[PDB]
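# Topology and contacts: notes
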Amino acid sequence: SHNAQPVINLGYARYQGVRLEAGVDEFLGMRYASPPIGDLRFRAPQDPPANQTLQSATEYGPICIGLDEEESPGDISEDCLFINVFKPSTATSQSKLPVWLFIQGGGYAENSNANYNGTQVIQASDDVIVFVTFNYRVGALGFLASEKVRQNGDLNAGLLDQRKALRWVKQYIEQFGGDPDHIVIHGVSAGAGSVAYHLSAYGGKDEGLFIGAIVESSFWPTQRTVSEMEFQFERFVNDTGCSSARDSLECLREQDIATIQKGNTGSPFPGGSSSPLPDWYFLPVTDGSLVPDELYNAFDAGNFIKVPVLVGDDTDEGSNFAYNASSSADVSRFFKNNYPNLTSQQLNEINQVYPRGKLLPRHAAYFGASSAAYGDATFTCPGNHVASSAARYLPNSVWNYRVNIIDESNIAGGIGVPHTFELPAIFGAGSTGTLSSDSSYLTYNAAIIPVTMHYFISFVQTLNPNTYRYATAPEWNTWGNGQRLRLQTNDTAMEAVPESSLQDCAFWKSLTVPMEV
Ligand SMILES: *[C@@H]1O[C@H](CO)[C@@H](O[C@@H]2O[C@H](CO)[C@@H](O[C@@H]3O[C@H](CO)[C@@H](O)[C@H](O)[C@@H]3O)[C@H](O)[C@H]2NC(C)=O)[C@H](O)[C@H]1NC(C)=O
Ligand SMILES: *[C@@H]1O[C@H](CO)[C@@H](O)[C@H](O)[C@H]1NC(C)=O
Ligand SMILES: *[C@@H]1O[C@H](CO)[C@@H](O)[C@H](O)[C@H]1NC(C)=O
Ligand SMILES: *[C@@H]1O[C@H](CO)[C@@H](O)[C@H](O)[C@H]1NC(C)=O
Ligand SMILES: [Cl-]
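## Focus on the state of the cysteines
- The full count for this structure, using the stated rule, is three disulfides.
- Here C64 engages in a disulfide with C80; their sulfurs sit 2.1 Å apart. Its S-S torsion of approximately 85° makes the covalent link between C64 and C80 right-handed. With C64 in strand 6 (residues 63–64) and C80 in the loop between strand 7 (76–77) and strand 8 (82–88), the pair connects residues that are 16 residues apart, well separated along the chain.
- In this model, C242 is linked to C251 through a disulfide, with the two sulfur atoms separated by 2.1 Å. Because the torsion about its S-S bond is -90°, the bridge between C242 and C251 counts as left-handed. Of the two residues examined, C242 and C251, each falls in the buried class.

## Thoughts on the layout of surface pockets
- The volume enclosed by the largest pocket comes to roughly 630 Å³.
- Around the largest pocket, the lining comprises 35 residues; the ones closest to its centre are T315, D316, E317, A372 and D376.
- Going through the elements one at a time, strand 13 (309–314), helix 12 (367–393), strand 14 (398–403) and helix 16 (499–509) are the ones with two or more residues in the lining of the largest pocket.
- Residue composition of the lining of the largest pocket, grouped by class: twelve nonpolar, 13 polar and ten charged.
- Here the second largest pocket is characterised by a volume of approximately 350 Å³.
- Along its surface, the second largest pocket is lined by 21 residues, and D407, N410, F421, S439 and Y441 are the ones closest to its centre.
- Those elements that place two or more of their residues in the lining of the second largest pocket are helix 13 (408–412) and helix 14 (423–427).
- Looking at the lining of the second largest pocket, the element that brings in the most residues is helix 13, giving three residues.
- In terms of residue class, the lining of the second largest pocket is built from seven nonpolar, eleven polar and three charged.

## What about the packing of helix 10 (residues 328–338) against helix 11 (residues 344–353)?
- Running from N to C, helix 10 and helix 11 point in directions that differ by 125°, and their axes come no closer than 10 Å. Taken together, the axes of helix 10 and helix 11 are oblique relative to one another. The two elements helix 10 and helix 11 cross, and the hand of that crossing is right-handed. Judged by residue contacts, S328, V331, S332, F335 and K336 of helix 10 engage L347, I350 and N351 from helix 11.
- When the residues that make up the contact of helix 10 with helix 11 are grouped by side-chain class, the tally is four nonpolar, three polar and one charged.

## Here's the deal with the site of ligand 4
- For ligand 4, the full set of nearby residues is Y444, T489 and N490.
- One nitrogen or oxygen atom from the main chain of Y444 is found 2.8 Å from a nitrogen atom belonging to ligand 4.
- Computed on the free molecule, ligand 4 has an accessible area of 370 Å², of which 38% lies beneath the protein chains in the complex.

## Some points on the site of ligand 3
- Around ligand 3 sit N324, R362, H363 and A364, and that is every residue in its neighbourhood.
- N324 is positioned such that a nitrogen or oxygen atom in its side chain is 2.6 Å from an oxygen atom of ligand 3.
- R362 has a polar backbone atom sitting 3.0 Å from a nitrogen atom of ligand 3.
- The protein chains hide 33% of the 360 Å² of surface that ligand 3 would expose on its own.
- For the shell around ligand 3, the per-class residue count stands at one nonpolar, two polar and one charged.

## Side note on the side chain of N466
- Residue position: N466 is located in the loop between helix 15 (448–462) and strand 15 (483–487).
- Here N466 falls in the buried class, since its relative accessible area comes to 10%.
- Only 2.7 Å separates the side chain of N466 from the backbone nitrogen of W476, close enough to count as a polar contact.

## A look at the sheet that holds strand 2 (residues 14–16)
- Strand order in the open sheet formed by three strands is 1-2-5, and the pairing between neighbours is mixed. Two strands bound the open sheet, and with one partner strand each, they are strand 1 (7–9) and strand 5 (55–56).
- Across three bridges, the pairing between strand 1 and strand 2 is antiparallel. By the bridge assignment for strand 2, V7 is matched with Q16.

## Quick notes on empty space enclosed by the protein
- In this structure the tally under the stated criterion is four cavities of 30 Å³ or more.
- Size it by volume and the largest cavity reaches roughly 80 Å³.
- Together, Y108, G193, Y197, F219, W220, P221, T222, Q223, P284, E294, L295 and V517 line the largest cavity.

## Some details on the packing of aromatic side chains
- Taken as a whole, this structure holds 44 aromatic pairs when the rule is applied.
- Each ring, one from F219 and one from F379, has its centre 5.7 Å from the other, and the planes form 40°; the classification is tilted. With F219 in the loop between strand 12 (212–216) and helix 6 (230–239) and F379 in helix 12, this pair connects stretches of sequence that are 160 residues apart. When sorted by exposure, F219 lands in the same class as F379, which is buried.
- One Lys or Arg, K306, reaches over the ring of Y393 and ends 4.8 Å from the middle of that ring.

What counts, and at which threshold
- Residues numbered from 1 in each chain as written, not as in the entry; some residues may be left out.
- Chains lettered and ligands numbered in written order.
- Heavy atoms only, no water.
- Disulfide = S-S within 2.5 Å.
- Helix = DSSP H or I, 4+ residues; strand = E, 2+ residues; numbered from the N terminus.
- Buried < 20%, exposed > 50% of the residue type's maximum accessible area, 1.4 Å probe, protein only.
- 1 Å grid on protein atoms, 1.4 Å probe; cavity = no way out; pocket = protein on both sides within 12 Å on 5 of 7 lines; lining within 4 Å.
- Points joined across faces, edges and corners; volume = space filled by probe spheres on them.
- Nonpolar A, V, L, I, M, F, W, Y, C, P; charged D, E, K, R; others polar.
- Axes fitted to C-alpha atoms, helices over the stretch in contact; angles between N-to-C directions.
- Parallel < 35°, antiparallel > 145°, perpendicular 65-115°, else oblique.
- Left-handed = near helix turned anticlockwise from the far one by under 90°.
- Contact = heavy atoms within 4.5 Å.
- Near = heavy atom within 4 Å.
- Polar contact = N/O pair within 3.5 Å; in protein donor to acceptor, adjacent residues only side chain to side chain.
- Areas by Shrake-Rupley, 256 points an atom, 1.4 Å probe, with all protein chains shown as cover.
- Pairing = 2+ DSSP bridges.
- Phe/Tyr/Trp six-rings, centres within 6.5 Å; stacked < 30°, edge-to-face > 60°.
- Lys NZ or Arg CZ within 6 Å of the ring centre and 35° of its normal.

As structure tokens, then:
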């Protein structure tokens, strides 16, 4: 029945997938690594087990259990290292189609863009691309950091999962009709920060894993050293009831997931106050190998792979994440608690660059400032830095965007054009989860979907968003001296980055040392 129920033979395993009437075949819940359980907890991913029994690929595996989450059979689990492939039904191993490899976000704390459907993008491409998604470890399980982890385990395990998945696609995607020599990686949010790590991995040697990158809302939170995370390891050991054990790591590896989850929770960094808790707690660290340096430094040095880049951000990146500040002091306490090496003087300077501002609906008087400052510090300025850095080497192949899709209910919520709001415009309404009945994507923002989707597909296929852009969409010019496409329903056009934003990014740039970014 492989002429009807598609089977793919990868040698180590054979998977039976699903054929859709859409002319797309799906292979869901394939293993790209061994379950990271027992002794493999807090270790690099290992090869998936060879298995001669037919494997079902008709259903998603669970996503990776993250910070403050609860195990749920089939839904959320430690056993979560799965990869999923969508391909045109007619494609064979000889097809050699461009591959779109999607890396989900979730702040390194959760898997927050999991199981996205590639059917609509494949159909919109006229059936000549392959789409890939996967889960990687997060929270304590993906990002426990200590000399003790590193001496009997591996740092940045969650990013090492991503490396394993990238290598899995390189080794196996040919069997799904993909071209292993034509992979584009696309990261959103923490996945976009991950893309920056993949570009700069080990200092930037091209391992031939991808020929282009989409960086959708960079997320660059504090990136601390191993010694700066010892407090966190010790606290985790305490919370899980493991403090009296001689071998801390062995004891951690014996605890059941429910026990682990007691420590898989946020608390203040040293130097931070009791509230607010940092937005993000378990995080990528400088590990001296995969991650030899801070991202800002590595992109300054040119220590990254020179491939075409599509990179951008929303108008109000910070809106879902910034402290609901009532005062200048609230803004400073928020920043100090997320970047505890900022000085009293640097905090005051932040308040001068981002003063109080217009009142936003449903938020306190200083929330506009909090949100603008945090959006710039953590998302947009990093994105602009990626663009300008890559453009030094490939000025003809670096494209920047600003998403300014206006949704009335976002505006009434005081969140402006929030972080990753364009996701359904890239993948199609319904592809990223069920939309509300009144979603503007089904009404007055419908028209931005074909436009956005076509640019992204075009870049995946040809490394230029213009080649197969939507029929009436404008030409998207490269970064140049700071130029970007504004994506907005009925109002999409090139615009200059204002001198004032470039100045604000130079301000954040002057603070990369205390912020550790
Ligand atoms: C991704 O999105 C596509 C739609 O864009 C989803 O495809 C639809 O999938 C459903 C099943 O969930 C199909 O309906 C089933 O059809 C079979 C075959 O006749 C029948 O046995 C069942 O009774 C049921 O009706 C539907 O035909 C299909 N639509 C198209 C246009 O192909 C797909 O399920 C989504 N994939 C994932 C993983 O969510
Ligand atoms: C082999 O795969 C089959 C089918 O999924 C499964 O039943 C079985 O548990 C696997 N065997 C081992 C030892 O992993
Ligand atoms: C923001 O603070 C104001 C006043 O303290 C309050 O009424 C509102 O509920 C808060 N909003 C959020 C998003 O927490
Ligand atoms: C875009 O223009 C179309 C056609 O006039 C309309 O349906 C839609 O409401 C407009 N959307 C916005 C946000 O203006
Ligand atoms: Cl067959």
